[PDB]
Every structure is written in C-alpha cells, then in structure tokens.
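Data file: upload.cif. Format and content: mmCIF, C-alpha atoms and all ligand atoms.
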data_final
#
loop_
_atom_site.label_atom_id
_atom_site.label_comp_id
_atom_site.auth_asym_id
_atom_site.auth_seq_id
_atom_site.Cartn_x
_atom_site.Cartn_y
_atom_site.Cartn_z
CA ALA A 108 -6.72 -47.91 67.94
CA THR A 109 -8.84 -50.97 68.70
CA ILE A 110 -11.12 -50.56 71.72
CA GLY A 111 -9.54 -52.00 74.85
CA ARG A 112 -11.46 -53.29 77.85
CA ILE A 113 -10.63 -53.30 81.55
CA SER A 114 -12.02 -56.08 83.72
CA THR A 115 -14.16 -54.93 86.64
CA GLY A 116 -13.03 -57.97 88.64
CA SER A 117 -16.49 -59.54 88.25
CA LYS A 118 -17.05 -62.04 85.44
CA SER A 119 -20.80 -61.42 85.70
CA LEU A 120 -20.42 -57.66 85.40
CA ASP A 121 -17.85 -58.07 82.64
CA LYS A 122 -20.32 -60.17 80.62
CA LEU A 123 -23.01 -57.52 80.99
CA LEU A 124 -20.54 -54.92 79.77
CA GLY A 125 -19.34 -56.90 76.74
CA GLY A 126 -16.02 -57.73 78.38
CA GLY A 127 -15.22 -54.86 80.75
CA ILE A 128 -15.26 -51.06 80.62
CA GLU A 129 -14.20 -49.64 77.25
CA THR A 130 -11.48 -47.25 76.23
CA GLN A 131 -12.71 -44.44 73.94
CA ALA A 132 -15.87 -44.34 76.07
CA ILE A 133 -17.29 -42.81 79.22
CA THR A 134 -18.84 -45.34 81.59
CA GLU A 135 -21.17 -43.61 84.07
CA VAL A 136 -22.11 -45.55 87.19
CA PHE A 137 -24.99 -44.43 89.43
CA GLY A 138 -25.70 -45.55 92.95
CA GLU A 139 -26.76 -44.47 96.41
CA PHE A 140 -24.33 -44.56 99.29
CA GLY A 141 -22.96 -48.08 99.74
CA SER A 142 -24.05 -49.20 96.26
CA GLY A 143 -20.50 -50.21 95.35
CA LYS A 144 -19.69 -47.50 92.80
CA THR A 145 -16.60 -46.17 94.54
CA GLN A 146 -15.47 -49.76 95.27
CA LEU A 147 -15.79 -50.47 91.55
CA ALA A 148 -13.71 -47.34 90.96
CA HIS A 149 -10.98 -48.58 93.33
CA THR A 150 -11.00 -52.05 91.74
CA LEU A 151 -10.67 -50.67 88.20
CA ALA A 152 -7.70 -48.51 89.32
CA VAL A 153 -5.93 -51.77 90.17
CA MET A 154 -7.16 -53.99 87.33
CA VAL A 155 -6.08 -51.58 84.58
CA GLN A 156 -2.46 -51.94 85.70
CA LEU A 157 -2.48 -55.68 84.91
CA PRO A 158 -1.55 -57.23 81.55
CA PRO A 159 -4.38 -57.94 79.04
CA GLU A 160 -4.16 -61.65 79.89
CA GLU A 161 -5.13 -60.69 83.43
CA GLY A 162 -7.83 -58.22 82.39
CA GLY A 163 -5.85 -54.98 82.33
CA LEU A 164 -4.17 -52.71 79.79
CA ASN A 165 -0.74 -52.25 81.35
CA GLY A 166 -1.80 -48.70 82.15
CA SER A 167 -1.54 -45.81 84.60
CA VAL A 168 -4.50 -44.07 86.24
CA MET A 169 -5.57 -40.48 86.81
CA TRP A 170 -8.11 -39.95 89.60
CA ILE A 171 -10.10 -36.79 90.20
CA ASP A 172 -11.84 -36.81 93.61
CA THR A 173 -14.64 -34.32 94.39
CA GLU A 174 -15.80 -35.50 97.82
CA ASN A 175 -12.83 -37.21 99.45
CA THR A 176 -13.79 -40.78 98.64
CA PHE A 177 -10.39 -42.07 97.41
CA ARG A 178 -8.82 -44.47 99.91
CA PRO A 179 -5.15 -45.34 99.32
CA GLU A 180 -5.35 -48.08 101.94
CA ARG A 181 -8.15 -49.69 99.94
CA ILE A 182 -5.97 -49.62 96.81
CA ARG A 183 -3.21 -51.37 98.82
CA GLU A 184 -5.60 -53.99 100.11
CA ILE A 185 -7.02 -54.73 96.66
CA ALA A 186 -3.55 -54.77 95.09
CA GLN A 187 -2.17 -57.16 97.70
CA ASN A 188 -5.11 -59.59 97.68
CA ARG A 189 -4.68 -59.84 93.91
CA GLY A 190 -1.04 -60.81 94.39
CA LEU A 191 0.27 -57.38 93.34
CA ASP A 192 2.69 -54.86 94.91
CA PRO A 193 0.60 -52.28 96.83
CA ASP A 194 3.27 -49.60 96.70
CA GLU A 195 3.81 -49.90 92.95
CA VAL A 196 0.06 -49.94 92.29
CA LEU A 197 -0.45 -46.73 94.32
CA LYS A 198 2.50 -45.02 92.61
CA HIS A 199 0.78 -45.32 89.26
CA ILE A 200 -2.43 -43.65 90.38
CA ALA A 201 -2.06 -39.90 89.90
CA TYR A 202 -4.40 -38.16 92.35
CA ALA A 203 -6.10 -34.77 92.21
CA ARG A 204 -8.66 -33.23 94.53
CA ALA A 205 -11.21 -31.01 92.79
CA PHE A 206 -12.32 -28.25 95.16
CA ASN A 207 -15.24 -26.94 93.11
CA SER A 208 -16.83 -27.33 89.68
CA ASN A 209 -14.58 -24.79 87.93
CA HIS A 210 -11.51 -26.45 89.37
CA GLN A 211 -12.86 -29.86 88.34
CA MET A 212 -13.25 -28.67 84.74
CA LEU A 213 -9.78 -27.11 84.82
CA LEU A 214 -8.27 -30.37 86.04
CA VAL A 215 -9.76 -32.26 83.10
CA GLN A 216 -8.53 -29.69 80.58
CA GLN A 217 -5.03 -29.81 82.04
CA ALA A 218 -5.00 -33.61 82.47
CA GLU A 219 -4.08 -33.73 78.80
CA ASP A 220 -0.52 -32.64 79.66
CA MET A 221 0.23 -35.73 81.74
CA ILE A 222 -1.58 -38.00 79.29
CA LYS A 223 0.68 -36.66 76.54
CA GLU A 224 3.78 -37.25 78.67
CA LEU A 225 2.87 -40.87 79.39
CA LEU A 226 1.42 -41.65 75.95
CA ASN A 227 4.35 -43.49 74.42
CA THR A 228 5.83 -44.92 77.61
CA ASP A 229 5.51 -48.31 79.30
CA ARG A 230 2.53 -47.08 81.36
CA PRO A 231 0.29 -44.80 79.28
CA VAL A 232 -2.81 -43.44 81.02
CA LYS A 233 -5.57 -45.97 80.39
CA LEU A 234 -8.13 -45.02 83.05
CA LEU A 235 -9.35 -41.56 84.04
CA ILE A 236 -11.76 -41.52 86.97
CA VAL A 237 -14.01 -38.65 88.03
CA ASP A 238 -15.64 -39.50 91.36
CA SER A 239 -17.98 -37.91 91.25
CA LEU A 240 -19.12 -36.21 88.08
CA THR A 241 -21.84 -33.99 89.53
CA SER A 242 -21.44 -33.34 93.28
CA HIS A 243 -19.97 -29.85 92.83
CA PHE A 244 -22.34 -28.91 90.01
CA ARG A 245 -25.31 -29.95 92.15
CA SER A 246 -23.94 -28.04 95.15
CA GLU A 247 -23.16 -24.82 93.32
CA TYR A 248 -25.98 -24.36 90.81
CA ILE A 249 -29.18 -24.24 92.87
CA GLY A 250 -32.72 -23.91 91.58
CA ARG A 251 -34.19 -23.09 88.19
CA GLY A 252 -32.26 -19.85 87.67
CA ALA A 253 -29.09 -21.93 87.71
CA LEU A 254 -30.12 -24.93 85.63
CA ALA A 255 -29.15 -23.56 82.21
CA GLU A 256 -25.58 -22.72 83.18
CA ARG A 257 -25.29 -25.98 85.14
CA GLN A 258 -26.20 -28.11 82.13
CA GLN A 259 -24.01 -26.00 79.84
CA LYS A 260 -20.91 -26.44 82.00
CA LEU A 261 -21.59 -30.14 82.58
CA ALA A 262 -22.12 -30.71 78.87
CA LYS A 263 -18.78 -28.99 78.18
CA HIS A 264 -17.14 -31.09 80.92
CA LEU A 265 -18.42 -34.32 79.38
CA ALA A 266 -17.24 -33.20 75.94
CA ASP A 267 -13.73 -32.57 77.30
CA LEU A 268 -13.78 -36.05 78.81
CA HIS A 269 -15.02 -37.73 75.61
CA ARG A 270 -12.25 -36.05 73.67
CA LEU A 271 -9.54 -37.34 76.00
CA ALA A 272 -11.08 -40.81 75.88
CA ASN A 273 -11.20 -40.87 72.06
CA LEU A 274 -7.94 -39.08 71.24
CA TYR A 275 -5.72 -40.95 73.68
CA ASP A 276 -7.49 -44.32 73.92
CA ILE A 277 -8.50 -43.97 77.58
CA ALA A 278 -11.39 -45.49 79.50
CA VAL A 279 -13.17 -42.70 81.34
CA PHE A 280 -15.11 -43.87 84.41
CA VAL A 281 -17.33 -41.46 86.29
CA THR A 282 -19.72 -41.89 89.22
CA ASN A 283 -23.06 -40.14 89.68
CA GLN A 284 -26.28 -40.28 91.66
CA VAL A 285 -29.88 -40.10 90.51
CA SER A 308 -24.62 -41.64 74.33
CA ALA A 309 -23.07 -39.63 75.70
CA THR A 310 -22.21 -42.22 78.33
CA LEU A 311 -22.75 -45.91 78.97
CA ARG A 312 -25.02 -45.86 82.03
CA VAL A 313 -24.87 -48.53 84.74
CA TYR A 314 -27.12 -48.40 87.82
CA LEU A 315 -26.06 -50.10 91.04
CA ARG A 316 -28.33 -51.22 93.83
CA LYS A 317 -28.38 -53.47 96.88
CA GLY A 318 -29.29 -57.08 96.21
CA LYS A 319 -29.88 -59.85 98.74
CA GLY A 320 -27.42 -60.97 101.43
CA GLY A 321 -25.06 -58.07 100.85
CA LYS A 322 -24.62 -58.77 97.13
CA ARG A 323 -24.87 -55.82 94.75
CA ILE A 324 -26.71 -55.69 91.45
CA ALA A 325 -25.70 -53.75 88.36
CA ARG A 326 -28.26 -52.94 85.67
CA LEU A 327 -27.22 -51.69 82.24
CA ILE A 328 -29.68 -49.25 80.68
CA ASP A 329 -30.07 -47.65 77.24
CA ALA A 330 -26.85 -49.01 75.77
CA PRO A 331 -26.95 -48.52 71.97
CA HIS A 332 -25.21 -51.82 71.23
CA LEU A 333 -25.43 -53.95 74.36
CA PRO A 334 -28.64 -55.54 75.54
CA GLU A 335 -29.98 -54.29 78.83
CA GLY A 336 -29.45 -56.77 81.64
CA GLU A 337 -28.32 -57.29 85.21
CA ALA A 338 -25.24 -58.68 86.94
CA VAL A 339 -24.94 -59.73 90.56
CA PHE A 340 -21.58 -59.18 92.19
CA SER A 341 -19.86 -59.19 95.58
CA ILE A 342 -17.54 -56.82 97.43
CA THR A 343 -14.50 -58.54 98.96
CA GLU A 344 -10.90 -57.84 100.01
CA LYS A 345 -10.14 -58.14 96.28
CA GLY A 346 -12.56 -55.29 95.64
CA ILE A 347 -15.34 -56.47 93.41
CA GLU A 348 -15.72 -59.99 92.04
CA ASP A 349 -18.49 -62.49 91.38
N1 LIG B 401 -4.84 -31.91 85.36
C1 LIG B 401 -4.79 -32.99 86.13
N2 LIG B 401 -3.75 -33.34 86.88
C2 LIG B 401 -3.95 -34.48 87.57
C3 LIG B 401 -3.07 -35.13 88.43
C4 LIG B 401 -3.44 -36.31 89.05
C5 LIG B 401 -4.70 -36.85 88.82
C6 LIG B 401 -5.58 -36.23 87.97
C7 LIG B 401 -5.21 -35.06 87.34
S1 LIG B 401 -6.04 -34.08 86.27
#

Please, can you express the file's structure as structure tokens?
Amino acid sequence: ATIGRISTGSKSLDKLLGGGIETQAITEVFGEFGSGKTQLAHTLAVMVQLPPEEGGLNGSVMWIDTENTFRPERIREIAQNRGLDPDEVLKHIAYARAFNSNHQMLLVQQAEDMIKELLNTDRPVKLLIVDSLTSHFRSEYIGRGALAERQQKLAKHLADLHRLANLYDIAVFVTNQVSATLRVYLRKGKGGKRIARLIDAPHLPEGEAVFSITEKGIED
C-alpha cells in the first residue's frame, strides 16, 4: 500500500513532515508539560477521520492512555470547530487505559484483533496512539539494575508497534519526554506559539515549524 499521510491541522507542521504523519511509520513526539504533544494527539484523532481531500484517511482510531491525558470533551470541541459531528468522531476512537508497562504491551499485542476486524470496512484503523510510550517503563524500572530489562521490553514494544504500522497500513503516533521512529521535539515559542523541530529524519531535512493551539486543536 502507498504511504498515506494525516494532516496535523498545521500547514507549517505538515510541510516540515513532508505532508503529515505517515502510515507504516511511528512518529514520536517529545515535549515537556504544555508543549502541545497531547493536543497534537487529540487533533490527529479528529483529522484522520476526514476524507483525503480534507487531510484525513477516512479512518478509525485506537488510543492507549498511560497517564489519563485523553479528554473526550476536547475531541468534541475540536470535532465541532472543524464542522464535524462530535458524537460520531468520539464513537470512532476506541479507548484503552494501560495500567502498567506489561498491560501496555499486552494491549498493543491484542490491538491486532480489532485492527483485523475493521481492516476491510468503511473505517479501518488508520491511527494508533500511545500516550505516552515510556511513562510506565520509567516508573517501574528504576536505576542501573533495571536498565537492561527496561530497554529490552521497550524495544520489543516498539517492534510490535512497527509491525502493526507496516502490516495494516496504520500511522502510529506516540508521545515521550526527554529509525526506529521519526522524532519531533516540541517546545514553547513566543507569545504562546509552539515550535516543532524535526531531528535525525533519514529522508526529511531537519527544520522547524511554528504552530498555534486553538479551539480547532492545532493549526498555523
Ligand atoms: N488491545 C487493544 N484494545 C484496545 C481498545 C481500544 C483502544 C486501544 C486498544 S488496544
């Protein structure tokens, strides 16, 4: 399948990314609290449900939440301000809380079942979010005695995600805090704007994009 792209809502950020976030890829977005990474997550969960002409892939979403940062009311707001139906948009976001790192890995392994079910329907899964990729791993595996196992499990987790992305033509989007992944770093700009910087992309030049957070989620 040809690589599909989902608009982030921001034309500036889309340009930096070569058009939007890619299917068959993991996009990994870093940022401190208030950087805009979870807002970008929420915006993508809406955008992907649009037709390609509007920057989406006519897709469903699966959302794995590790620290209780998913906000249904924010989905509704973004959906409505983009002229969409907030109830329909929310219905097509499948939600799962991950309680710990083992559970998080289990959820990704078993996510394949639902992806298979939706694969040849009108709303195949096109976005899988893990927000956030590392909070549980960082919490559970403390100090140098734990590092080896931590990296092992995380590596396996990322491999499971890459496989789902590649096999089923899904854009995987994960958040983190400071290949395999396309790494984007968010920071505060001036006047409440945010800045994204792309780093170490094999086939996209490094660069920066300034964007805003609005009732539409993110946009220029
Ligand atoms: N195994 C998984 N089931 C679900 C359900 C909703 C969202 C994400 C996931 S991952």

| Pairwise distance for CA of residue 108 in chain A and CA of residue 336 in chain A, rounded to one decimal in Å |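 If I compute the distance from CA of residue 108 in chain A to CA of residue 336 in chain A, I get 28.0 Å.
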
| query | Would you name the residues within 8 Å of ligand LIG 401 (chain B), counting only C-alpha atoms and all ligand atoms, and put them as number ranges by chain? | reply | A: 168-171, 200-204, 213-221, 235

| From the set A:147, A:276, A:266, A:282, which residue has the shortest atom-to-atom contact distance to residue 120 in chain A, counting all atoms listed in the file? |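 Of the candidates, the smallest distance to residue 120 in chain A is held by A:147.
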
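The nearest approach to residue 317 in chain A among the residues A:229, A:180, A:349, A:139, with all atoms listed in the file taken into account, belongs to A:139.
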
Which residues, written as a PDB file with C-alpha atoms, in the coordinates of the input, have at least one atom at most 12 Å from range 183-197 of chain A, with only C-alpha atoms counted and residues fewer than 2 positions away on the same chain left out?
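File written: selection10.pdb
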ATOM      1  CA  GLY A 116     -13.030 -57.970  88.640  1.00  0.00           C
ATOM      2  CA  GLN A 146     -15.470 -49.760  95.270  1.00  0.00           C
ATOM      3  CA  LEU A 147     -15.790 -50.470  91.550  1.00  0.00           C
ATOM      4  CA  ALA A 148     -13.710 -47.340  90.960  1.00  0.00           C
ATOM      5  CA  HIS A 149     -10.980 -48.580  93.330  1.00  0.00           C
ATOM      6  CA  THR A 150     -11.000 -52.050  91.740  1.00  0.00           C
ATOM      7  CA  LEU A 151     -10.670 -50.670  88.200  1.00  0.00           C
ATOM      8  CA  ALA A 152      -7.700 -48.510  89.320  1.00  0.00           C
ATOM      9  CA  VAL A 153      -5.930 -51.770  90.170  1.00  0.00           C
ATOM     10  CA  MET A 154      -7.160 -53.990  87.330  1.00  0.00           C
ATOM     11  CA  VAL A 155      -6.080 -51.580  84.580  1.00  0.00           C
ATOM     12  CA  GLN A 156      -2.460 -51.940  85.700  1.00  0.00           C
ATOM     13  CA  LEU A 157      -2.480 -55.680  84.910  1.00  0.00           C
ATOM     14  CA  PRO A 158      -1.550 -57.230  81.550  1.00  0.00           C
ATOM     15  CA  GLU A 161      -5.130 -60.690  83.430  1.00  0.00           C
ATOM     16  CA  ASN A 165      -0.740 -52.250  81.350  1.00  0.00           C
ATOM     17  CA  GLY A 166      -1.800 -48.700  82.150  1.00  0.00           C
ATOM     18  CA  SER A 167      -1.540 -45.810  84.600  1.00  0.00           C
ATOM     19  CA  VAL A 168      -4.500 -44.070  86.240  1.00  0.00           C
ATOM     20  CA  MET A 169      -5.570 -40.480  86.810  1.00  0.00           C
ATOM     21  CA  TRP A 170      -8.110 -39.950  89.600  1.00  0.00           C
ATOM     22  CA  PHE A 177     -10.390 -42.070  97.410  1.00  0.00           C
ATOM     23  CA  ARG A 178      -8.820 -44.470  99.910  1.00  0.00           C
ATOM     24  CA  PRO A 179      -5.150 -45.340  99.320  1.00  0.00           C
ATOM     25  CA  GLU A 180      -5.350 -48.080 101.940  1.00  0.00           C
ATOM     26  CA  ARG A 181      -8.150 -49.690  99.940  1.00  0.00           C
ATOM     27  CA  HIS A 199       0.780 -45.320  89.260  1.00  0.00           C
ATOM     28  CA  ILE A 200      -2.430 -43.650  90.380  1.00  0.00           C
ATOM     29  CA  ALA A 201      -2.060 -39.900  89.900  1.00  0.00           C
ATOM     30  CA  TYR A 202      -4.400 -38.160  92.350  1.00  0.00           C
ATOM     31  CA  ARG A 230       2.530 -47.080  81.360  1.00  0.00           C
ATOM     32  CA  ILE A 342     -17.540 -56.820  97.430  1.00  0.00           C
ATOM     33  CA  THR A 343     -14.500 -58.540  98.960  1.00  0.00           C
ATOM     34  CA  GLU A 344     -10.900 -57.840 100.010  1.00  0.00           C
ATOM     35  CA  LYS A 345     -10.140 -58.140  96.280  1.00  0.00           C
ATOM     36  CA  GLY A 346     -12.560 -55.290  95.640  1.00  0.00           C
ATOM     37  CA  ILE A 347     -15.340 -56.470  93.410  1.00  0.00           C
ATOM     38  CA  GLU A 348     -15.720 -59.990  92.040  1.00  0.00           C
TER      39      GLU A 348
END

| field | Contacts of residue 321 in chain A within 12 Å, all atoms listed in the file, excl. fewer than 2 positions in-chain, as a VMD selection string | value | chain A and resid 141 to 143 316 to 319 323 to 324 339 to 343

| task | Select, from A:225, A:309, A:212, A:325, the residue with the minimum atom-to-atom distance to residue 264 in chain A, counting all atoms listed in the file. | result |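 The answer is A:212, which sits nearest to residue 264 in chain A.
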
| query | Could you work out how far CA of residue 113 in chain A lies from CA of residue 209 in chain A, giving the answer in Å with one decimal? | reply |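 Pair CA of residue 209 in chain A / CA of residue 113 in chain A returns 29.5 Å.
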
| message | Need to verify the contact set: residue 256 in chain A, 12 Å, all atoms listed in the file, exclusion of same-chain residues closer than 5 positions in sequence. Can you return it as a ChimeraX atom specification? | response | /A:208,244-245,247-251,261-263

| request: Mind giving me the straight-line distance from CA of residue 254 in chain A to CA of residue 280 in chain A in Å, one decimal? | output: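 So the answer is 24.2 Å.
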
| message | Here is a test: counting only C-alpha atoms, which residue of A:144, A:260, A:332, A:326 is nearest to residue 239 in chain A? | response |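 Smallest separation from residue 239 in chain A among the options: A:144.
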
| Leaving out residue 129 in chain A and any residue of its chain fewer than 3 positions from it, which residues lie within 10 Å of it when counting only C-alpha atoms, given as a PyMOL selection string? | chain A and resi 110-114+124-126+132-134+233-234+272+276-280+311

| task | For residue 136 in chain A, please output as a VMD selection string all residues within 7 Å (counting only C-alpha atoms; exclusion window: fewer than 6 positions along the same chain). | result | chain A and resid 144 281 to 283 312 to 314

| request: Point out the residue among A:242, A:211, A:310, A:145 with the least atom-to-atom distance to residue 174 in chain A, counting only C-alpha atoms. | output: A:242

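Distances to residue 117 in chain A were evaluated for A:162, A:320, A:252, A:138 using all atoms listed in the file, and the minimum falls at A:162.
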
Range 147-222 of chain A from the block above: C-alpha atoms written as a PDB file, in the first residue's frame:
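New file result_30.pdb:
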ATOM      1  CA  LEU A 147      -1.441  17.230  18.641  1.00  0.00           C
ATOM      2  CA  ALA A 148      -2.579  13.736  19.591  1.00  0.00           C
ATOM      3  CA  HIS A 149      -6.178  14.928  20.060  1.00  0.00           C
ATOM      4  CA  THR A 150      -6.104  16.841  16.766  1.00  0.00           C
ATOM      5  CA  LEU A 151      -4.793  13.847  14.794  1.00  0.00           C
ATOM      6  CA  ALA A 152      -7.570  11.660  16.285  1.00  0.00           C
ATOM      7  CA  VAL A 153     -10.041  14.000  14.584  1.00  0.00           C
ATOM      8  CA  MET A 154      -8.170  14.746  11.349  1.00  0.00           C
ATOM      9  CA  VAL A 155      -7.684  11.075  10.439  1.00  0.00           C
ATOM     10  CA  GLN A 156     -11.464  10.623  10.270  1.00  0.00           C
ATOM     11  CA  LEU A 157     -11.742  13.165   7.431  1.00  0.00           C
ATOM     12  CA  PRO A 158     -11.522  12.329   3.709  1.00  0.00           C
ATOM     13  CA  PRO A 159      -8.098  12.638   1.986  1.00  0.00           C
ATOM     14  CA  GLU A 160      -9.227  15.896   0.366  1.00  0.00           C
ATOM     15  CA  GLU A 161      -9.579  17.292   3.884  1.00  0.00           C
ATOM     16  CA  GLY A 162      -6.323  15.796   5.169  1.00  0.00           C
ATOM     17  CA  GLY A 163      -7.567  12.516   6.625  1.00  0.00           C
ATOM     18  CA  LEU A 164      -7.728   8.848   5.657  1.00  0.00           C
ATOM     19  CA  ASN A 165     -11.363   8.041   6.364  1.00  0.00           C
ATOM     20  CA  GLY A 166     -10.138   6.052   9.347  1.00  0.00           C
ATOM     21  CA  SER A 167     -10.867   4.933  12.898  1.00  0.00           C
ATOM     22  CA  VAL A 168      -8.540   5.463  15.870  1.00  0.00           C
ATOM     23  CA  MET A 169      -7.204   3.325  18.699  1.00  0.00           C
ATOM     24  CA  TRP A 170      -5.914   5.239  21.721  1.00  0.00           C
ATOM     25  CA  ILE A 171      -3.826   3.786  24.530  1.00  0.00           C
ATOM     26  CA  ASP A 172      -3.589   6.152  27.527  1.00  0.00           C
ATOM     27  CA  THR A 173      -0.957   5.606  30.243  1.00  0.00           C
ATOM     28  CA  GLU A 174      -1.439   8.687  32.431  1.00  0.00           C
ATOM     29  CA  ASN A 175      -5.046   9.782  31.997  1.00  0.00           C
ATOM     30  CA  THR A 176      -4.439  12.520  29.446  1.00  0.00           C
ATOM     31  CA  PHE A 177      -7.253  11.675  26.965  1.00  0.00           C
ATOM     32  CA  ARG A 178     -10.047  14.263  27.096  1.00  0.00           C
ATOM     33  CA  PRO A 179     -13.277  13.320  25.301  1.00  0.00           C
ATOM     34  CA  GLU A 180     -14.569  16.866  25.717  1.00  0.00           C
ATOM     35  CA  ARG A 181     -11.512  18.123  23.842  1.00  0.00           C
ATOM     36  CA  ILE A 182     -12.251  15.700  20.986  1.00  0.00           C
ATOM     37  CA  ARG A 183     -15.820  17.093  20.862  1.00  0.00           C
ATOM     38  CA  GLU A 184     -14.587  20.657  20.816  1.00  0.00           C
ATOM     39  CA  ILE A 185     -12.070  20.006  18.043  1.00  0.00           C
ATOM     40  CA  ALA A 186     -14.604  17.993  16.033  1.00  0.00           C
ATOM     41  CA  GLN A 187     -17.267  20.690  16.297  1.00  0.00           C
ATOM     42  CA  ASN A 188     -14.992  23.640  15.485  1.00  0.00           C
ATOM     43  CA  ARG A 189     -13.951  21.773  12.344  1.00  0.00           C
ATOM     44  CA  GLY A 190     -17.593  21.459  11.313  1.00  0.00           C
ATOM     45  CA  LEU A 191     -17.811  17.771  12.269  1.00  0.00           C
ATOM     46  CA  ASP A 192     -20.200  15.717  14.446  1.00  0.00           C
ATOM     47  CA  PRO A 193     -18.643  15.431  17.937  1.00  0.00           C
ATOM     48  CA  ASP A 194     -20.571  12.300  18.849  1.00  0.00           C
ATOM     49  CA  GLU A 195     -19.648  10.438  15.669  1.00  0.00           C
ATOM     50  CA  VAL A 196     -15.989  11.485  15.971  1.00  0.00           C
ATOM     51  CA  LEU A 197     -15.804  10.187  19.568  1.00  0.00           C
ATOM     52  CA  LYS A 198     -17.529   6.913  18.627  1.00  0.00           C
ATOM     53  CA  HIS A 199     -14.705   6.077  16.254  1.00  0.00           C
ATOM     54  CA  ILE A 200     -11.964   6.484  18.833  1.00  0.00           C
ATOM     55  CA  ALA A 201     -11.502   3.173  20.639  1.00  0.00           C
ATOM     56  CA  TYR A 202     -10.056   3.894  24.084  1.00  0.00           C
ATOM     57  CA  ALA A 203      -7.908   1.775  26.389  1.00  0.00           C
ATOM     58  CA  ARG A 204      -6.245   2.664  29.667  1.00  0.00           C
ATOM     59  CA  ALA A 205      -2.894   0.961  30.233  1.00  0.00           C
ATOM     60  CA  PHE A 206      -2.371   0.411  33.959  1.00  0.00           C
ATOM     61  CA  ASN A 207       1.293  -0.606  33.819  1.00  0.00           C
ATOM     62  CA  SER A 208       4.012  -1.467  31.308  1.00  0.00           C
ATOM     63  CA  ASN A 209       3.075  -5.151  30.986  1.00  0.00           C
ATOM     64  CA  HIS A 210      -0.540  -4.229  30.410  1.00  0.00           C
ATOM     65  CA  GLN A 211       0.531  -1.594  27.880  1.00  0.00           C
ATOM     66  CA  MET A 212       2.487  -4.210  25.914  1.00  0.00           C
ATOM     67  CA  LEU A 213      -0.433  -6.645  26.131  1.00  0.00           C
ATOM     68  CA  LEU A 214      -2.816  -4.011  24.769  1.00  0.00           C
ATOM     69  CA  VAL A 215      -0.623  -3.484  21.713  1.00  0.00           C
ATOM     70  CA  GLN A 216      -0.325  -7.216  21.042  1.00  0.00           C
ATOM     71  CA  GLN A 217      -4.092  -7.648  21.308  1.00  0.00           C
ATOM     72  CA  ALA A 218      -4.902  -4.461  19.355  1.00  0.00           C
ATOM     73  CA  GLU A 219      -4.320  -6.560  16.259  1.00  0.00           C
ATOM     74  CA  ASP A 220      -7.701  -8.256  16.774  1.00  0.00           C
ATOM     75  CA  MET A 221      -9.704  -5.051  16.351  1.00  0.00           C
ATOM     76  CA  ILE A 222      -7.480  -3.861  13.512  1.00  0.00           C
TER      77      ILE A 222
END
